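Results of the structural survey
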Amino acid sequence: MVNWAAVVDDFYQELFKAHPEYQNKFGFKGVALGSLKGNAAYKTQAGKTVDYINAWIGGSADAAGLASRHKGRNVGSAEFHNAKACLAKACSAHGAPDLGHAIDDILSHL
Ligand code: HEM
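Residues numbered from 1 in each chain as written, not as in the entry; some residues may be left out. Heavy atoms only, no water.

Method of structure determination, per the deposited record: X-ray crystallography was used for this entry, reaching 1.60 Å resolution.

The following block contains the structure:
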């Protein structure tokens, strides 16, 4: 099976390298990037991200709900456009299918 856990880990590395301030919105604020995998808050968040990707592939993703929840953290289209790029990098790094359409789907509600 596609190693989505590894893709997501690389996704967050790319995302927070390019936009460190995004990390401040999470329960793992301030944690060194090389230590995220040993952080309990990060582990929970990464697992939810993996679940969302598997839901999108499986046909059950709630893009409206995910969008609404991100608006609820003042995260919007600009951040998701930036995320699209980081996730494309992470997918390519793993020979994984591109997830741009999943991000576009979320973007359609932002
Ligand atoms: C690849 C695009 C992204 C995906 C698939 C994604 C997915 C998720 C999921 C599944 C959750 C949990 C929602 C829930 O529990 O109901 C979440 C929460 C969250 N996301 Fe994202 N996200 C993405 C991009 C971003 C970006 C760019 C930011 C910018 C800061 C962000 C900030 C947050 C924050 C602050 C939370 C709440 C975390 C908490 O409850 O402590 N996300 N995201």
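So, next bit.
**Structural notes on the overall build of the protein**
Looking only at helices and strands, one finds five helices and zero strands in the protein. Secondary structure elements in the protein, listed N-terminal to C-terminal, are α-α-α-α-α. Computed over its C-alpha atoms, the radius of gyration of the protein comes to 13 Å, within 12% of the 13 Å expected for a compact globule of 110 residues. Projecting the C-alpha coordinates of the protein onto the three principal axes gives extents of approximately 35 × 35 × 20 Å. Across the 110 residues of the protein, 37% fall into the buried class. In the protein, the share of contacts with a sequence separation of at least 24, taken over all contacts with a separation of at least 6, comes to 62%. (Helix = DSSP H or I, 4+ residues; strand = E, 2+ residues; numbered from the N terminus. Rg over C-alpha atoms; globule rule 2.2 N^0.38 Å. Buried < 20%, exposed > 50% of the residue type's maximum accessible area, 1.4 Å probe, protein only. Contact = heavy atoms within 4.5 Å.)

**Comments concerning the site of the ligand**
Surrounding the ligand, one finds 17 residues, the nearest of these being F11, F26, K48, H70 and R73. A distance of 3.3 Å is found between a nitrogen atom of the ligand and a side-chain nitrogen or oxygen belonging to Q45. Within the residue set of the shell around the ligand, elements represented by two or more residues are α2 (40-58), α3 (63-71) and α4 (77-93). It is α2 that contributes the most residues to the shell around the ligand, four residues altogether. For the shell around the ligand, the per-class residue count stands at nine nonpolar, three polar and five charged. (Near = heavy atom within 4 Å. Polar contact = N/O pair within 3.5 Å; in protein donor to acceptor, adjacent residues only side chain to side chain. Nonpolar A, V, L, I, M, F, W, Y, C, P; charged D, E, K, R; others polar.)

**So, the coordination of the iron atom of the ligand**
Looking at the protein side alone, the iron atom of the ligand has one donor only, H70 (NE2), at 2.1 Å. Relative to the assigned elements, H70 resides in helix α3. (Donors = N, O, S within 2.8 Å, 3.2 Å for Na, K, Ca; no water.)

**Section: the environment of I53**
For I53, the location among the structural elements is in helix α2. When the C-alpha positions of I53 and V8 are compared, they lie 9.1 Å apart, and in sequence the two are 45 residues distant. Residues in contact with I53, not counting those within four places in the same chain, are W4, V8 and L99.

**Quick look at the UniProt feature "binding site: heme" in the protein**
Feature annotation in UniProt places "binding site: heme" on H70, given in this structure's numbering. When its relative accessible area of 23% is taken as the criterion, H70 is described as partly exposed. Other than its neighbours up to four places away in sequence, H70 contacts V75 and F80. (UniProt positions renumbered as here; feature names shortened; annotations may be inferred.)

**Focus on α2**
Here α2 is 19 residues long and its end C-alpha atoms lie 27 Å apart, about the 27 Å a rise of 1.5 Å per residue gives. Considered for burial, the residues of α2 that qualify are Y42, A46, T49, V50, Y52, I53 and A55. In this fold, the buried residues of α2 make contact with α1 (4-18), α3 and α5 (100-107). The opening residue of α2 is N39, an N-cap whose side-chain oxygen sits 2.9 Å from the backbone nitrogen of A41. Phi turns positive, to about 95°, at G59, one or two residues after α2. (Expected span 1.5 Å × (residues − 1).)

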